[PDB]
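Engineer: how would this look folded up:
(3 chains)
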Amino acid sequence: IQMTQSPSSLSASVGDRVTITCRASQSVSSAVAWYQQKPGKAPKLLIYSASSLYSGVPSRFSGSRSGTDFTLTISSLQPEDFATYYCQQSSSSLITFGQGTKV
Amino acid sequence: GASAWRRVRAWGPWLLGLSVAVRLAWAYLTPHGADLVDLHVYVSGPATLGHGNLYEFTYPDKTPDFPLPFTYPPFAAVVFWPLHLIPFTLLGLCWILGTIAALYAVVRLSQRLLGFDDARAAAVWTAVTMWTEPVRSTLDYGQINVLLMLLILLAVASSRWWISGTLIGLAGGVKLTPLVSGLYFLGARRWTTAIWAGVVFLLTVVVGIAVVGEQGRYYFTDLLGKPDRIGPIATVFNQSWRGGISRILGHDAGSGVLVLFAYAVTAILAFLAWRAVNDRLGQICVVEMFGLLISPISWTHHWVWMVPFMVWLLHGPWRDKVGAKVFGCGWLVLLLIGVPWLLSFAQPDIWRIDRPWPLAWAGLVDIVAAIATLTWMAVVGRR
Amino acid sequence: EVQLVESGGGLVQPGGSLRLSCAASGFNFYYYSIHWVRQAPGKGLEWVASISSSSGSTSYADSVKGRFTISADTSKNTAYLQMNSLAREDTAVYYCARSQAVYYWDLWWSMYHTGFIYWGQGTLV
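Structural biologist: Residues are numbered from 1 along each chain as shown, chains lettered A, B, ... in the order given. Let me share the structure:
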């Protein structure tokens, strides 16, 4: 399954809502997750099933099903929330993380 | 001892195989083991179809004392008319195997719902719960309760609105008791699926009126699904609130004030219990635990929904809480032994309502266990 | 409380074998699916293996198919992933993560994991 995301470093300003696309081919229902990975660390899951955020993740985070397309939206980068974000489709057959996307 | 737990899990297929062999041997080696009073009713109801004597039908051949009637909805007779085309033994063995496979499949669906697939553990669970009082009662009488449980959990598992709605509607058309499962979909905010399930139930009513019409009618007016016609209300097997209250009373209160207060208190307890749960399996198990308590007639063989509840307790999100393990083992020891089955011997006859303190108070056993579980869930959720 | 520990991540010659090990604590493997995710330097995350640890079903990628065989160990709570004829381009940071697999019956079963809730530290294969 070919998979791609928004261009990396598509939102660098601090103090504004940021948008990102999670382009996915075929149809994976709502089996999409978004992760936060600061360099030199391990990714931290942000939203599961692409609709509900994880426990402990700031409530500013919000991902929504845009049809076959998927997006991740937050408030801003106030608390130094800068990291490379990844999104995957979990069809249980072949999981693909797509292209890496930096904040 | 988790090591022994793994060892017994690995011994699943060759424990479920043993259970099935034992059950099949017992049914077809002992007289009245394969009596199947409720399968024979399902076969002899439609067998009289087209002759105006289907609900006036009685079946005292197997229980001369109590003539078994055909109290099922007419849609059930429509669905069972094909059974009329199969020889009785070819259907009895098929039905026993079907109930067994439905138990295994429903255990597997419960495991899937909890988020893990385990064929070996599913086989072990089927073998262990095969002999729980509700399951053995269903197998003995041939009553279709494991099949409808399988249909309902298949509906719950499938997120597709049409599949779940149609399954729930058809299963509720066959029997009106599992209709309470629809309430879970109301709790799950699945309004469209609930609407479609109701529509399918109404279309099953229409099919019953079309096929079994002119002989079975006014099924909701002038009949009200009267509990008395189905069977004795006070017999200890009737573990609903009505049965136990009648035992402790000596006279069927029915819609009395005291029964209404119990209905309200169990309503609040079950609502709090559901509010204390977050996973699909737990929600449906609580909904069906409440349904088994509110329905006017809930025999022991109706309480097969406890098996998914024990699966939830011993594997669900609450597979750690001290109370969760305590109440799971309590339900296992209660059902595997069976207090109502043991107590049924004491009473003079299934039609006797007067009881002394022991035979009446001990008749509230499953009611008390269910209410204790509901209260525990409510308090642990609120805390 | 809940922690993930990865004791593997050695250096191997081009072609050979290497056994990653992802210890787990604070939860039961059988109740979750353990996944291995790799991230080569200068490139993004790439899924490697998605063992379920309950049904034992092994899922791993096409370029991973001919070089990996992910094991499991429920008794010791470890992943124990294995390679063979590796190191052509496999230099990465093989994380291990757990996930909750939720199923749906759309007339036939279709597993899908809810997401990798907990991740271990980084390895240096």
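Engineer: from here on, just use CA atoms for contacts and neighbour counts.
Structural biologist: Noted.
Engineer: count of neighbours near the residue in the stretch 201-350 of chain B positioned nearest to chain C?
Structural biologist: The minimum distance from the stretch 201-350 of chain B to chain C, using Cα to the nearest Cα, falls at residue B:315 (8.3 Å). For residue B:315, the neighbour count with other Cα atoms under 10 Å in any protein chain shown is 20.
Engineer: over to it: give its phi and psi.
Structural biologist: Here is the backbone geometry of residue B:315 (degrees, to the nearest 10): phi -140, psi -20.
Engineer: centroid-wise, who is the farthest residue in chain A?
Structural biologist: What lies farthest from the middle of chain A is residue A:93; by Cα atoms, centre = their mean that is 20.5 Å.
Engineer: you'd agree it is in a strand?
Structural biologist: No - per DSSP: H, G, I helix; E, B strand; the rest coil, residue A:93 lies outside any strand segment and is coil.
Engineer: please look at it and residue C:59 and confirm they touch.
Structural biologist: Yes - at 6.6 Å, residue A:93 counts as touching residue C:59 under the criterion of Cα atoms under 8 Å.
Engineer: which residue ranges of the chain form strands?
Structural biologist: Because you didn't say which chain, this covers chain A. A:32-37, A:44-48, A:52-53, A:62-66, A:69-73, A:84-89, A:101-102 (DSSP state E).
Engineer: nope, chain C
Structural biologist: Remark: strands assigned in chain C by DSSP E are C:3-6, C:19-20, C:22-25, C:33-39, C:45-49, C:68-70, C:81-83, C:95-105, C:109-119.
Engineer: now do the contacts for residue B:18.
Structural biologist: Neighbour list for residue B:18: residue B:127 [criterion: Cα atoms under 8 Å, 6 or more residues apart in numbering or on different chains].
Engineer: on the three-state scheme, it is what?
Structural biologist: helix.
Engineer: any idea how far it lies from residue B:136?
Structural biologist: According to Cα to Cα, to the nearest Å, residue B:18 and residue B:136 sit 15 Å apart.
Engineer: what's the answer for residue B:164, then?
Structural biologist: Counting by Cα to Cα, the gap from residue B:164 to residue B:136 is 28 Å.
Engineer: of these two, which one has the most company?
Structural biologist: Between residue B:164 and residue B:136, residue B:164 has the larger neighbour count (other Cα under 10 Å), namely 25 against 18.
Engineer: what residues does the stretch 101-250 of chain B have near chain C?
Structural biologist: Counting by Cα under 8 Å from any Cα of the partner chain, the residues of the stretch 101-250 of chain B lying close to chain C are B:112-119, B:154, B:157-160, B:163.
Engineer: spatially central residue for the chain, please.
Structural biologist: I went with chain A, as the question did not name one. Taking Cα atoms, centre = their mean, chain A has its central residue at residue A:34, 3.4 Å away.
Engineer: that's the wrong chain, I meant chain C
Structural biologist: Residue closest to chain C centre, computed by Cα atoms, centre = their mean, is residue C:36 at 2.2 Å.
Engineer: contact partners for that one?
Structural biologist: C:47-50, C:94-97.
Engineer: OK, now which residue of chain B is nearest to chain C?
Structural biologist: Nearest residue of chain B to chain C (Cα to the nearest Cα) works out as residue B:158 at 4.1 Å.
Engineer: that residue: neighbour count?
Structural biologist: For residue B:158, the neighbour count with other Cα under 10 Å is 21.
Engineer: just give the nearest non-adjacent residue to it, would you?
Structural biologist: Closest residue to residue B:158 apart from its sequence neighbours, by Cα to Cα, 6 or more residues apart in numbering or on different chains: residue C:105 at 4.1 Å.
Engineer: what are the phi and psi values for the nearest residue to residue B:344 once chain neighbours are set aside?
Structural biologist: Excluding the flanking residues, the one nearest residue B:344 by Cα to Cα, 6+ apart is residue B:236, at 5.9 Å. Main-chain dihedrals, residue B:236, degrees, to the nearest 10: phi -60, psi -30.
Engineer: mind listing what's buried along stretch B:364-374?
Structural biologist: Within stretch B:364-374, the residues that count as buried by 16 or more other Cα atoms under 10 Å in any protein chain shown are B:364-368, B:370-371, B:373-374.
Engineer: what's near enough to touch the residue in the stretch 151-300 of chain B that chain A sits nearest to?
Structural biologist: The nearest approach of the stretch 151-300 of chain B to chain A comes at residue B:159, 10.8 Å away (Cα to the nearest Cα). Contacts for residue B:159 (Cα under 8 Å, 6+ apart) come out as C:104-106.
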